[PDB]
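**Student:** What follows is a structure written as structure tokens; I'll ask about it next.
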Amino acid sequence: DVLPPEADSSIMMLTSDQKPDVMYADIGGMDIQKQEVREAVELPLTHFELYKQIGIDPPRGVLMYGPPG
Amino acid sequence: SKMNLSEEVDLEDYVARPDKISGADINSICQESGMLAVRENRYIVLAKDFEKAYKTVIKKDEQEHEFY
Amino acid sequence: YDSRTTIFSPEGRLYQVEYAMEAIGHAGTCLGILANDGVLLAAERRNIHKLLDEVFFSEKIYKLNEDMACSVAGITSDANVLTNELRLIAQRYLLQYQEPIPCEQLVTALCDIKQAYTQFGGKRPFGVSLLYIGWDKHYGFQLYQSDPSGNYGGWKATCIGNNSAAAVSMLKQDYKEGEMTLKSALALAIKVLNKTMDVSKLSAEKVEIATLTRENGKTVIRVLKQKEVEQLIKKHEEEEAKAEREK
Amino acid sequence: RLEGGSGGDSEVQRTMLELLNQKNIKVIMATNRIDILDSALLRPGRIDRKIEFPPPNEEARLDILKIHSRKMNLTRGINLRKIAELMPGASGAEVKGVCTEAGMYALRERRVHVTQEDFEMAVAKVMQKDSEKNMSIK
Amino acid sequence: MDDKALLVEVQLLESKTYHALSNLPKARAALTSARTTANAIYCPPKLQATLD
Amino acid sequence: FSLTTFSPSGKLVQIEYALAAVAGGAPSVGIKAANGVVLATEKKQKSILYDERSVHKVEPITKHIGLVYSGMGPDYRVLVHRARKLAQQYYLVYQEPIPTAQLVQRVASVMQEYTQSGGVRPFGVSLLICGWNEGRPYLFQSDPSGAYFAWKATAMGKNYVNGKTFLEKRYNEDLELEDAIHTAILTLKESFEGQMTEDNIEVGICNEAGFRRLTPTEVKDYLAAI
Amino acid sequence: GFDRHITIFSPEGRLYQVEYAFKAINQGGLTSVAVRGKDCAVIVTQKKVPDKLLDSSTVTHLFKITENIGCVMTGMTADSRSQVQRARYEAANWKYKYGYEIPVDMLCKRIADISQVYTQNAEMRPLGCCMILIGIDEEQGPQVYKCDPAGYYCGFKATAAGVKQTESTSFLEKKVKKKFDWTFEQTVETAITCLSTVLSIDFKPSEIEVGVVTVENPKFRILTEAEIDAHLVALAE
Amino acid sequence: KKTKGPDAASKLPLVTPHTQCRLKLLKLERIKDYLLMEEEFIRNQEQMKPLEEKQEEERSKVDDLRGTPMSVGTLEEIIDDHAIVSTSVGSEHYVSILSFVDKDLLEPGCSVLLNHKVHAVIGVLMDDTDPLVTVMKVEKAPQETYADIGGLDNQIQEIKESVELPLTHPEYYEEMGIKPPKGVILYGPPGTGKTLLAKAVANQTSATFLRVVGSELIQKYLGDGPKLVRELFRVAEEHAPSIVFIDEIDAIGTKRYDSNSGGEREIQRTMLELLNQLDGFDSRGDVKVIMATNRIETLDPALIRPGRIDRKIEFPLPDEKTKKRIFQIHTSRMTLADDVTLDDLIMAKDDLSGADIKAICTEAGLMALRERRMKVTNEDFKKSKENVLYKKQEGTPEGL
Ligand SMILES: Nc1ncnc2c1ncn2[C@@H]1O[C@H](COP(=O)(O)OP(=O)(O)O)[C@@H](O)[C@H]1O
Ligand SMILES: Nc1ncnc2c1ncn2[C@@H]1O[C@H](COP(=O)(O)OP(=O)(O)O)[C@@H](O)[C@H]1O
């Protein structure tokens, strides 16, 4: 047999989706930049079809090298 | 404002003084300070309730006057 | 390895002075070309932010004496004091001898002061190299280039800027002594400045040029204003268009 | 610095001497360290050539836009040559940054034709570096 | 341009007319942009009340 | 050693640190209009214990030369005292030229004791100079190490980058009348955090009639209807 | 390195030596409060006397620079005395060069210029003592100023220096925000209650030394034990 | 763990013309014929077996007792009858091998087989293909000969005499009773150094050769820099007596620095140990340590002394005839031109070293191969001078 679930094999958090904890604009940090982050969410926000045709190469990995600020 | 006006905070509490600081106080500390401004041996959130957590966490790094 | 200015190297080199002179190549761009009946300087205006007014009327080109003018290519802090000292030396010679100071003597005095600055004491070398164009009774039109090492040289077509190697190569390729005139010198200077500045069709604002000419028993140092510079640019553009299309 | 890595550099130098002299294998290096004076080492393995990379010119940058913008869709009319010339100096990586900035700028508008205004907004990616303070000390 | 008071008023008015026309998601998007623009003015006592 | 120093290969590291220090946090915008020059700065005193009519950010060096500055105010006091002495010496040597704008370039040039003789530690203040005794106005900036720049509109604060961007986008322009002080206040507003008032904002104006540090009455009048 | 060792600009764009000297003022264990009033300006500082073998007659931190200007010193006592001597010399030299008495603001400016020269160069070091000087000035009323080891001379109405200077400044900010002018009873009481709330010992009328300059009565009155005791009795009533 | 390697390669490098001709062709045919006749011979002999004698007495007695399953482990210690072997996962066995016991080839610290079950060693893996801890003998006895270098006759004679005091006429100073391992201290311009290597290949025609270049300023706490070379020279004595070529570390690793204490511990360790090994009263062997440097000034006074390190030799710059010879050697392989433009490129040249000669000869072919491809390019007469300038000699601001 093969187990379909994979997240609970070593825990390490699970599906945090479908749950509004902190929506978006309710953050106190406003932007810092948050435009590269919205650029990061462009791929989840569909737009992968717009990644082609328009000829862009959307970013894949986003590293935030900041303190707990 | 998340905890709705700090759970009915008083008027005489404004953040003009405890925020013009230049003492880091990362947003995690800001959330902790918001959740630690909660000494309420009475009905509502007030100024004397604050001063316990308002004078606590005093701001060490200082001396901008030489630079200005 | 570097230390207090007055040092040497295990090999025996003045690496602080060499580093300063190489840094002179970084930033700034001036070139001087000597021709008959007129010797001119061409300078690259580095910052062309629209928020300036251009009221000093000269940034790179400096009038240092009635019969000479210079152009610095180093840090402006040392450049200002060096220009002031150079004018003071020239006017002191004029007071002492009642005669315009020969260009070679002035350049030797300036390079002597720079050699003194790099020689004794815990003082930084003057991180600035400047050209000089001028006229005298003995040698006529002359051009000199002095480096922060204090070792000046008597040149006739040279550049001291960032792409100084490319500019001097372009000069060497298209330099012809004797046949050269003031107008041909202007054309060559504009061409080499267009070569060393990546953006083609250089604006008259980004280029400042000054020509020294010998009138009737009197030296005239005219800085070419915007209209004349852009007319030279237009003539150069016509020449380039004809040369490119005639192939 | 005569550290453990330096001993590795010496043994790397020892290796490349033997195998390259004992072969259907060449080594090509890179040096974005401006000058070779900071890393001058044994000539064999580098005395063959010392080819240098000139920063792309305005026409060279033009070509890099064309290579990078051939895959992409945009408006019918665009003065790519002036777009590249507007960028002061820069490099092909900056050209790649401008091209991906134009795509993202047109991505927010959701249209198939990247306009010149969005492209000039992509030229602003060459900005945000500038010289910050007007040092201008030269 | 780089005006700030006018932009906040325009965005707030745009949010208001979306709400009047019951355009809730666009009103939320305009309101979020109104906040992002409104961070510049520190003490606009009338304007801050309008945003709230 | 005892002068402006610490210059490694191709760099002026000490000067660069001085320029990082003068980044400061006081915008102190300056605008060169057709009629004159406006130097406006921000006086954001810590708490209300401090006073605003006691210390000033704008200092009239002479009859029509006004001065505004940036970080390291104690250095700025010595610098403005030296500038006043130098201008007075020039006026005494060349007696009675009413030297302001034929001196503004000269006084900016004689701002070489300002940095070219640094004094072990270079000055950490960048200052804007205005003068209008030539039939035309003048706006000059001297930085901790450089020299005159002859600006038309600039800022030298924490948000000097966006302040200069606002100045150019708002079109500092050339036909603007003397009342470009409104645009200067707006530029300060971008780099200001609070409800700016007459004592919170100090501005001096230098027109062809002379230089004058605007009193809180006129500062509040201009701040009204903004 | 040596960025934090000598008076040189830090790579981050700061000056750490004066930043350390300002904390040196905090070192020493003392506090002072200066309050400007409707017509007078009063300064009070605690008199920390360890053991009675000392002479309480001369352990003071407040002095007369001239006939109308009085200072209070906070920080190391040696630098404090040196700056007091320098201020007295400056006041005398000003009175000699200019006939009228030196304004308190000008004296503070000169002391701050001297301190700025000290933070300049590298041979010397800044003096770790913060001086608060007060005095009556015609066409200006009472005037209070503070000169710091950096050279920034300012301060007015209510200003404090010392270890617990922040709490005193906060309480005085609360008091001045309460819009009511202080006469020559309320200013002294306000200063006394400020320093008492800062350090709650009830202030037996021997551990503080208050200096007062009024308008109708000029000169820097170093109020005696009887005067401070009377003010304390009136306040605690 | 390593003694020798099978040298069954390098099939007669003496191809006399080295260029495509009939004489070279016939030599290659004789070479290729001799290869097949050998492959003939061994194949004919291996299959035309002399006799069919059972299972070659292999499968009958030992191969079965060796067994099918086996595991490989190192052999640790030897006792009279049994053997102390340290097999895998830290297992140690005291078992007497008696099947496929080649006592000479077993040796301590070598891989041996274990027949599983009743774990008894039954064989040894003589190859073992893993003596990789410190490898310096991989380049042993380089094939370069005297003929590769020319125009250095005085130095070649000097180095040969210094190294043919042993091997040749060893009884000369054996009766003199000194047995001096003095070595040779080589000078030379920085434009050379691998000539200090190429003149060393003259002695490398006999016995093996070891190289220690760059090494380190032995910061290692154990030191052992010059001391493992002493072990390797001892290994060299076990092999044919090799030479140790330590060019550029007799100068840097052994520097005549004025500092006495706090000097990176090399002066304490490296210089002292170098003298100890260079002294014949401590270590024997025909090992000759060739010390070559480009900085004669940094000679340490211990290294200065000819009493322990004798035979100082100076390498000068090549002369006009030497420049002609080295250019002829380097351009012999390439057939520069039919006009033989030889003297024009060296007659005026000065301060040109062996590395520069090799570089310009290589660049001459590269420039011709760039676009001037004409076999023996007629441009090579002047393009050889075109790439002999090549700039790149020295460059430093102006200062003059
Ligand atoms: N609106 C908000 N804006 C910014 N920070 C917040 C907000 N609300 C909560 N936080 C704080 O952000 C913190 C995130 O901390 P953490 O994940 O540990 O930092 P990091 O991701 O750097 O490890 C939480 O502890 C929480 O208190
Ligand atoms: N006189 C010569 N004759 C023939 N070959 C030489 C001569 N000099 C040097 N070579 C060859 O050129 C190469 C570089 O020589 P050398 O100058 O010793 O190198 P480096 O200058 O890098 O130390 C050596 O490998 C050597 O084989």
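Going through the structure tokens in order, the chains are called A, B, and so on, while each chain numbers its residues from 1 and the ligands are numbered from 1 in the order shown.
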Within 12 Å of ligand 1, counting only C-alpha atoms and all ligand atoms: which residues, as a PyMOL selection string?
**Tutor:** (chain A and resi 21-32+63-69) or (chain B and resi 1-3+25-36)
**Student:** Give me a file of those residues, with N, CA, C and O atoms, as a tab-separated table (two decimals), in the first residue's frame.
**Tutor:**
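Contents of again-v8.tsv, freshly written:
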```
chain	number	residue	atom	x	y	z
A	21	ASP	N	-6.36	33.90	9.22
A	21	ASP	CA	-5.69	34.29	10.46
A	21	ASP	C	-5.33	35.77	10.43
A	21	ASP	O	-5.75	36.54	11.30
A	22	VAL	N	-4.56	36.19	9.43
A	22	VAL	CA	-4.27	37.59	9.15
A	22	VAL	C	-4.46	37.76	7.65
A	22	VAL	O	-3.65	37.26	6.85
A	23	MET	N	-5.53	38.46	7.26
A	23	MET	CA	-5.98	38.47	5.87
A	23	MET	C	-4.95	39.03	4.90
A	23	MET	O	-4.40	38.30	4.07
A	24	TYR	N	-4.66	40.33	5.02
A	24	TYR	CA	-3.76	41.01	4.08
A	24	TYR	C	-3.51	42.44	4.52
A	24	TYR	O	-2.47	42.75	5.11
A	25	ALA	N	-4.46	43.34	4.22
A	25	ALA	CA	-4.29	44.75	4.54
A	25	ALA	C	-4.33	45.01	6.04
A	25	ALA	O	-3.95	46.10	6.47
A	26	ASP	N	-4.78	44.05	6.84
A	26	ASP	CA	-4.82	44.22	8.28
A	26	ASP	C	-3.44	44.18	8.92
A	26	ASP	O	-3.33	44.42	10.13
A	27	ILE	N	-2.40	43.87	8.15
A	27	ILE	CA	-1.04	43.89	8.68
A	27	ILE	C	-0.66	45.31	9.06
A	27	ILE	O	-1.08	46.28	8.42
A	28	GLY	N	0.13	45.44	10.13
A	28	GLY	CA	0.57	46.74	10.58
A	28	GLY	C	1.81	47.23	9.85
A	28	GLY	O	2.08	48.43	9.81
A	29	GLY	N	2.55	46.30	9.26
A	29	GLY	CA	3.77	46.63	8.54
A	29	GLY	C	3.55	47.32	7.22
A	29	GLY	O	4.53	47.65	6.54
A	30	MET	N	2.29	47.54	6.82
A	30	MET	CA	1.95	48.23	5.59
A	30	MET	C	2.57	47.53	4.38
A	30	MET	O	2.00	46.57	3.86
A	31	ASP	N	3.73	48.01	3.94
A	31	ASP	CA	4.38	47.47	2.75
A	31	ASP	C	5.77	46.92	3.03
A	31	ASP	O	6.07	45.80	2.60
A	32	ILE	N	6.61	47.67	3.74
A	32	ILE	CA	8.06	47.49	3.66
A	32	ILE	C	8.41	47.62	2.19
A	32	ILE	O	8.82	48.69	1.73
A	63	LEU	N	13.66	34.98	-1.31
A	63	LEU	CA	14.35	34.91	-0.03
A	63	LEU	C	14.24	36.25	0.68
A	63	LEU	O	14.58	37.29	0.10
A	64	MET	N	13.75	36.22	1.91
A	64	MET	CA	13.63	37.42	2.74
A	64	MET	C	14.67	37.33	3.84
A	64	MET	O	14.50	36.60	4.82
A	65	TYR	N	15.76	38.08	3.68
A	65	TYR	CA	16.88	38.07	4.62
A	65	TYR	C	16.75	39.21	5.64
A	65	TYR	O	17.63	40.06	5.79
A	66	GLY	N	15.64	39.20	6.36
A	66	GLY	CA	15.36	40.23	7.33
A	66	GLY	C	15.22	39.71	8.75
A	66	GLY	O	14.93	38.53	8.98
A	67	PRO	N	15.42	40.59	9.72
A	67	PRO	CA	15.21	40.21	11.12
A	67	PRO	C	13.73	40.02	11.41
A	67	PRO	O	12.89	40.25	10.52
A	68	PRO	N	13.35	39.60	12.63
A	68	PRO	CA	11.92	39.43	12.95
A	68	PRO	C	11.07	40.68	12.76
A	68	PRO	O	9.86	40.63	12.97
A	69	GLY	N	11.69	41.79	12.38
A	69	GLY	CA	10.92	42.97	12.01
A	69	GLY	C	9.99	42.68	10.85
A	69	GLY	O	10.28	41.87	9.98
B	1	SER	N	-5.60	48.90	17.15
B	1	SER	CA	-6.93	48.81	16.56
B	1	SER	C	-7.38	47.37	16.31
B	1	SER	O	-8.58	47.13	16.16
B	2	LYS	N	-6.44	46.42	16.23
B	2	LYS	CA	-6.82	45.02	16.09
B	2	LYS	C	-7.66	44.57	17.27
B	2	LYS	O	-8.85	44.23	17.12
B	3	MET	N	-7.07	44.56	18.47
B	3	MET	CA	-7.86	44.55	19.69
B	3	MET	C	-8.58	45.89	19.77
B	3	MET	O	-7.95	46.90	20.08
B	25	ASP	N	12.44	47.93	18.94
B	25	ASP	CA	11.10	47.50	19.36
B	25	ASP	C	10.32	46.93	18.17
B	25	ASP	O	9.35	47.50	17.68
B	26	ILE	N	10.81	45.77	17.71
B	26	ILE	CA	10.29	45.10	16.52
B	26	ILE	C	8.79	44.85	16.65
B	26	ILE	O	8.24	44.86	17.76
B	27	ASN	N	8.13	44.64	15.51
B	27	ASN	CA	6.68	44.46	15.50
B	27	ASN	C	6.23	43.35	16.43
B	27	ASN	O	5.12	43.41	16.97
B	28	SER	N	7.06	42.32	16.62
B	28	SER	CA	6.75	41.29	17.60
B	28	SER	C	6.66	41.89	19.00
B	28	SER	O	5.74	41.58	19.76
B	29	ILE	N	7.61	42.77	19.34
B	29	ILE	CA	7.53	43.48	20.62
B	29	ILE	C	6.33	44.40	20.64
B	29	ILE	O	5.68	44.57	21.68
B	30	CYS	N	6.01	45.02	19.50
B	30	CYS	CA	4.82	45.87	19.42
B	30	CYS	C	3.55	45.07	19.70
B	30	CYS	O	2.68	45.52	20.45
B	31	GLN	N	3.44	43.88	19.11
B	31	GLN	CA	2.29	43.02	19.40
B	31	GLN	C	2.30	42.56	20.85
B	31	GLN	O	1.25	42.52	21.50
B	32	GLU	N	3.48	42.21	21.38
B	32	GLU	CA	3.58	41.84	22.79
B	32	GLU	C	3.20	43.01	23.68
B	32	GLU	O	2.46	42.84	24.66
B	33	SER	N	3.68	44.22	23.36
B	33	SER	CA	3.30	45.39	24.14
B	33	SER	C	1.80	45.65	24.06
B	33	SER	O	1.17	46.01	25.06
B	34	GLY	N	1.22	45.47	22.88
B	34	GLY	CA	-0.22	45.59	22.75
B	34	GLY	C	-0.96	44.56	23.59
B	34	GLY	O	-1.99	44.87	24.20
B	35	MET	N	-0.46	43.33	23.63
B	35	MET	CA	-1.08	42.29	24.43
B	35	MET	C	-0.65	42.32	25.89
B	35	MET	O	-1.30	41.67	26.71
B	36	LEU	N	0.42	43.04	26.22
B	36	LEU	CA	0.85	43.18	27.60
B	36	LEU	C	0.36	44.46	28.27
B	36	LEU	O	0.57	44.64	29.47
```
**Student:** Tell me, as JSON, numbers by chain, which residues lie within 10 Å of stretch 178-185 of chain H, counting only C-alpha atoms; anything in the same chain fewer than 6 positions away does not count.
**Tutor:** {"H": [158, 159, 162, 163, 165, 166, 170, 171, 172, 243, 244, 245, 247, 250, 277, 278, 279, 280, 281, 283, 284, 285, 286, 287, 288, 289, 290, 291, 292, 293, 296, 299, 303, 304, 306, 307, 308, 309, 310, 311, 312, 313, 314]}
**Student:** Would you save the residues from that selection as a CSV table (one decimal), in the first residue's frame, using N, CA and C atoms?
**Tutor:**
```csv
chain,number,residue,atom,x,y,z
H,158,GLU,N,77.3,21.5,-14.5
H,158,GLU,CA,77.4,21.7,-13.1
H,158,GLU,C,76.4,20.8,-12.3
H,159,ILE,N,75.2,20.8,-12.8
H,159,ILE,CA,74.2,20.0,-12.0
H,159,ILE,C,74.4,18.5,-12.2
H,162,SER,N,77.2,17.5,-9.9
H,162,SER,CA,76.7,17.5,-8.5
H,162,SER,C,75.8,16.3,-8.2
H,163,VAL,N,75.1,15.8,-9.2
H,163,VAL,CA,74.2,14.7,-9.0
H,163,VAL,C,74.8,13.4,-9.5
H,165,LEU,N,78.1,12.7,-8.7
H,165,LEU,CA,78.9,12.3,-7.6
H,165,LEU,C,78.4,11.0,-7.0
H,166,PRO,N,77.1,10.9,-6.7
H,166,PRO,CA,76.5,9.6,-6.4
H,166,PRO,C,76.3,8.8,-7.7
H,170,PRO,N,80.5,6.3,-6.9
H,170,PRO,CA,80.1,6.4,-5.5
H,170,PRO,C,81.3,6.1,-4.6
H,171,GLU,N,82.2,5.3,-5.1
H,171,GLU,CA,83.4,5.0,-4.3
H,171,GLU,C,84.3,6.2,-4.2
H,172,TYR,N,84.1,7.2,-5.0
H,172,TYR,CA,85.0,8.4,-5.0
H,172,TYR,C,85.0,9.0,-3.6
H,243,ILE,N,65.0,12.7,-6.0
H,243,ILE,CA,65.4,14.0,-5.7
H,243,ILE,C,64.1,14.8,-5.2
H,244,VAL,N,64.3,15.8,-4.4
H,244,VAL,CA,63.3,16.6,-3.9
H,244,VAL,C,63.4,18.0,-4.4
H,245,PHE,N,62.5,18.4,-5.3
H,245,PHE,CA,62.6,19.7,-6.0
H,245,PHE,C,61.6,20.6,-5.2
H,247,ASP,N,61.4,24.1,-5.3
H,247,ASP,CA,61.5,25.4,-5.8
H,247,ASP,C,60.4,26.3,-5.3
H,250,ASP,N,62.1,27.0,-0.8
H,250,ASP,CA,63.3,27.4,-0.2
H,250,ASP,C,63.5,28.9,0.0
H,277,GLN,N,67.6,17.5,7.9
H,277,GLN,CA,67.5,16.6,6.8
H,277,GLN,C,68.7,16.8,5.8
H,278,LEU,N,69.1,18.1,5.6
H,278,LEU,CA,70.1,18.4,4.7
H,278,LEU,C,71.5,18.0,5.2
H,279,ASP,N,71.6,17.7,6.5
H,279,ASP,CA,72.8,17.3,7.2
H,279,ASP,C,73.0,15.8,7.0
H,280,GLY,N,74.1,15.3,6.5
H,280,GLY,CA,74.3,13.9,6.2
H,280,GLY,C,74.6,13.1,7.5
H,281,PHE,N,74.8,13.7,8.6
H,281,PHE,CA,75.1,13.0,9.8
H,281,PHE,C,73.8,12.5,10.5
H,283,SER,N,70.5,11.7,8.3
H,283,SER,CA,69.8,10.9,7.4
H,283,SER,C,70.7,10.5,6.3
H,284,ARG,N,70.7,9.2,6.0
H,284,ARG,CA,71.5,8.6,4.9
H,284,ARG,C,70.7,8.7,3.6
H,285,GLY,N,71.1,8.0,2.5
H,285,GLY,CA,70.4,7.9,1.3
H,285,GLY,C,71.1,8.8,0.2
H,286,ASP,N,71.0,8.4,-1.0
H,286,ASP,CA,71.5,9.2,-2.2
H,286,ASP,C,70.5,10.3,-2.6
H,287,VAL,N,69.6,10.6,-1.8
H,287,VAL,CA,68.6,11.7,-2.1
H,287,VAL,C,69.3,13.0,-2.1
H,288,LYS,N,69.2,13.7,-3.3
H,288,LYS,CA,69.8,15.1,-3.4
H,288,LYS,C,68.6,16.1,-3.5
H,289,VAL,N,68.6,17.0,-2.6
H,289,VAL,CA,67.6,18.0,-2.5
H,289,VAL,C,68.0,19.2,-3.3
H,290,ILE,N,67.2,19.5,-4.4
H,290,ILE,CA,67.5,20.6,-5.3
H,290,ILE,C,66.7,21.8,-4.8
H,291,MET,N,67.4,22.8,-4.3
H,291,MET,CA,66.7,24.0,-3.8
H,291,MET,C,66.9,25.1,-4.9
H,292,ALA,N,65.7,25.4,-5.5
H,292,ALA,CA,65.7,26.4,-6.6
H,292,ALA,C,64.8,27.6,-6.2
H,293,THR,N,65.4,28.8,-6.4
H,293,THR,CA,64.6,30.0,-6.1
H,293,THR,C,64.9,31.1,-7.1
H,296,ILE,N,67.6,35.3,-4.4
H,296,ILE,CA,68.8,34.9,-3.7
H,296,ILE,C,68.9,35.6,-2.4
H,299,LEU,N,67.9,34.1,1.1
H,299,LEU,CA,68.6,32.8,1.5
H,299,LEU,C,68.8,32.9,3.0
H,303,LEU,N,70.6,28.1,5.3
H,303,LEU,CA,70.7,27.7,3.9
H,303,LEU,C,71.8,28.3,3.1
H,304,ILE,N,72.3,29.4,3.6
H,304,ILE,CA,73.5,30.1,3.0
H,304,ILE,C,74.7,29.2,3.1
H,306,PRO,N,77.5,26.8,2.8
H,306,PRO,CA,77.9,25.6,1.9
H,306,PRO,C,78.4,24.4,2.7
H,307,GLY,N,78.6,24.6,4.0
H,307,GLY,CA,79.0,23.5,4.8
H,307,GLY,C,78.0,22.3,4.9
H,308,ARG,N,76.7,22.7,5.0
H,308,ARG,CA,75.7,21.7,4.9
H,308,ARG,C,74.9,21.7,3.6
H,309,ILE,N,74.7,22.8,3.0
H,309,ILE,CA,74.1,22.9,1.6
H,309,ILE,C,75.1,23.5,0.7
H,310,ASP,N,75.8,22.6,0.0
H,310,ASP,CA,76.9,23.1,-0.9
H,310,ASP,C,76.3,23.1,-2.3
H,311,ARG,N,77.2,23.3,-3.3
H,311,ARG,CA,76.9,23.2,-4.7
H,311,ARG,C,75.9,24.3,-5.1
H,312,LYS,N,76.2,25.6,-4.8
H,312,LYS,CA,75.4,26.7,-5.2
H,312,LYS,C,75.6,26.9,-6.7
H,313,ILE,N,74.5,27.0,-7.4
H,313,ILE,CA,74.5,27.2,-8.9
H,313,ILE,C,73.6,28.4,-9.2
H,314,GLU,N,74.1,29.2,-10.1
H,314,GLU,CA,73.3,30.4,-10.5
H,314,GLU,C,72.8,30.2,-11.9
```
**Student:** Could you please extract the residues within 6 Å of ligand 2, counting only C-alpha atoms and all ligand atoms, and hand them back as a VMD selection string?
**Tutor:** chain H and resid 148 to 150 191 to 196 198 326 353 to 355 358
**Student:** I need the chosen residues saved as a short mmCIF file (atom, residue, chain, number, x, y, z; two decimals), in the first residue's frame, with N, CA, C and O atoms.
**Tutor:**
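Result saved to selection-v3.cif:
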```cif
data_model
loop_
_atom_site.label_atom_id
_atom_site.label_comp_id
_atom_site.auth_asym_id
_atom_site.auth_seq_id
_atom_site.Cartn_x
_atom_site.Cartn_y
_atom_site.Cartn_z
N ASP H 148 65.58 18.22 -24.23
CA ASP H 148 64.48 19.17 -24.20
C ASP H 148 64.96 20.59 -23.94
O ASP H 148 64.28 21.56 -24.31
N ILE H 149 66.12 20.75 -23.31
CA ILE H 149 66.69 22.06 -23.03
C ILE H 149 68.03 22.17 -23.75
O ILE H 149 68.70 21.17 -24.02
N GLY H 150 68.41 23.41 -24.07
CA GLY H 150 69.66 23.66 -24.76
C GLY H 150 70.15 25.06 -24.47
O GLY H 150 69.41 25.92 -23.98
N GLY H 191 61.49 35.28 -14.28
CA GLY H 191 61.02 34.85 -15.58
C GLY H 191 61.31 33.40 -15.89
O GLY H 191 60.83 32.89 -16.91
N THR H 192 62.09 32.73 -15.04
CA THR H 192 62.31 31.29 -15.15
C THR H 192 61.96 30.59 -13.85
O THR H 192 61.38 31.19 -12.95
N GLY H 193 62.21 29.28 -13.79
CA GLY H 193 61.84 28.50 -12.61
C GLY H 193 61.49 27.06 -12.95
O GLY H 193 61.91 26.14 -12.26
N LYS H 194 60.70 26.84 -14.00
CA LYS H 194 60.41 25.47 -14.45
C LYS H 194 61.55 25.01 -15.34
O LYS H 194 61.46 23.96 -15.97
N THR H 195 62.60 25.82 -15.43
CA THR H 195 63.77 25.46 -16.18
C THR H 195 64.53 24.92 -15.04
O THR H 195 65.22 23.92 -15.16
N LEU H 196 64.41 25.60 -13.91
CA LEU H 196 65.00 25.03 -12.74
C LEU H 196 64.34 23.67 -12.72
O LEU H 196 64.90 22.73 -12.17
N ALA H 198 63.31 22.14 -15.75
CA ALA H 198 63.80 21.49 -16.96
C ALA H 198 65.26 21.09 -16.85
O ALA H 198 65.68 20.08 -17.43
N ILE H 326 66.77 27.75 -27.92
CA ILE H 326 65.46 27.54 -27.31
C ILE H 326 64.35 27.83 -28.32
O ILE H 326 63.33 27.13 -28.35
N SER H 353 63.05 35.25 -21.27
CA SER H 353 63.29 34.01 -20.55
C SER H 353 62.61 32.83 -21.25
O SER H 353 61.97 32.98 -22.29
N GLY H 354 62.77 31.65 -20.66
CA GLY H 354 62.23 30.44 -21.26
C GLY H 354 60.71 30.44 -21.33
O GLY H 354 60.13 30.02 -22.33
N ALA H 355 60.06 30.90 -20.27
CA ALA H 355 58.60 30.97 -20.27
C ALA H 355 58.10 31.93 -21.34
O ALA H 355 57.10 31.65 -22.02
N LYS H 358 58.43 30.21 -24.76
CA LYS H 358 57.33 29.27 -24.98
C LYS H 358 56.04 30.01 -25.28
O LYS H 358 55.28 29.61 -26.18
#
```
**Student:** Could you check which of F:110, F:128, F:68, F:156 is closest to chain D, using only C-alpha atoms?
**Tutor:**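 Looking only at the distances to chain D, the closest residue turns out to be F:156.
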**Student:** Take atom CA of residue F:50 and atom CA of residue G:4 and report the distance between them in Å, one decimal.
**Tutor:** 29.5 Å
**Student:** Could you pull out the strand (DSSP E) residues of stretch 1-179 of chain F from DSSP and send them as a list in words?
**Tutor:** residues 29, 30, 31, 32, 36, 37, 38, 39, 40, 41, 42, 59, 60, 66, 67, 68, 127, 128, 129, 130, 131, 138, 139, 140, 141, 142, 153 and 154 of chain F
